[PDB]
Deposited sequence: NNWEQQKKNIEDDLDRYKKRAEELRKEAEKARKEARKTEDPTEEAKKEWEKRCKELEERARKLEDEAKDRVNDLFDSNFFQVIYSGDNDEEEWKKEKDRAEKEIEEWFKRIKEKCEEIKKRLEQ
């Protein structure tokens, strides 16, 4: 139940960084459905990449810390831990693509 509690914490982080990522996607949609605004894009590109990295590092730190708790559970293994870790890494990446896309289009 240690790992159960720790998966909930992993989830929270992702759920927090998701809603933080969409707080930015909506900012990027309100500024495209509108030179100076073009810099509103660099400031969105920056805040979005800085956010990604944080999210990616905090969540990986979570995975690396629950290496043996998750794999010692019995119906979870190294392969599946590495599978889950990349499945979450690529979940974060995806949001960055959603934001960057808007900017590149409005270019």
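In this chain the deposited sequence has gaps in the coordinates at 35 to 46, 120 to 124, listed in sequence order.
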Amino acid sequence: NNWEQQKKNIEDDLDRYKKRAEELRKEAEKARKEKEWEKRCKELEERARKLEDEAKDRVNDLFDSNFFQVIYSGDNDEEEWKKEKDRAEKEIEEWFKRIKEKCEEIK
From here on, numbers count along this sequence of modelled residues.
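The mean C-alpha temperature factor is higher for 46 to 54 when 62 to 70 and 46 to 54 are set side by side. Look at the C-alpha B-factors of 93 to 101 and of 8 to 16. On average they run higher in 93 to 101.
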